[PDB]
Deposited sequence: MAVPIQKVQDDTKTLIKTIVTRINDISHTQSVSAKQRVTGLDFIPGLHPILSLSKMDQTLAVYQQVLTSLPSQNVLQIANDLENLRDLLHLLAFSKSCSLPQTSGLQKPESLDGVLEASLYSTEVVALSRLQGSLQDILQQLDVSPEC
């Protein structure tokens, strides 16, 4: 398995997910830095430096997007499944392993669906742009 191709395909997939989020109209108008209270369980302020931090971050977004009822989020959730596997394949190359969070998400989906979806996709885009920008620099396990 060519690692050079895996690193290039990981970057291409991240760009693909970012483009999908740009097409979801109600997310581009929202500032990913401007904070919303009650949705602190969604990765945002964290710098995300390590392979295990990247993996745990994407798993949280994966769990969040599964609950949302849109087909746009279902496709992004499938891309995140490929992205997590690519990160595990990159962790394998450099001989390191990665492991497998309150459930107040159920309440915020029931009361504030618009805020949950918009903030999740807006935070995901910011997280992916951070992962992409740090993939050029050799990441720690």
Stretches of the record's deposited sequence for which the structure holds no C-alpha atoms: 1 to 2, 103 to 107
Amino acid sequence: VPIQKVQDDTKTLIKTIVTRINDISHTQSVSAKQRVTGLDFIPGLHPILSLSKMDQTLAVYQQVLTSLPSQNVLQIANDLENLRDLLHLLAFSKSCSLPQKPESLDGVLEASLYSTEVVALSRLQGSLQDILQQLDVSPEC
From here on, numbers count along this sequence of modelled residues.
Mean C-alpha B-factor comparison - 91 to 99 and 55 to 63, higher one: 91 to 99
Mean C-alpha B-factor comparison - 113 to 121 and 126 to 134, higher one: 126 to 134
Highest recorded Cα temperature factor - choice among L45, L74, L80, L39: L45
Third of the chain's Cα B-factor distribution that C141 belongs to, per the entry: highest
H26, C-alpha B-factor rank within chain (lowest, middle or highest third): middle
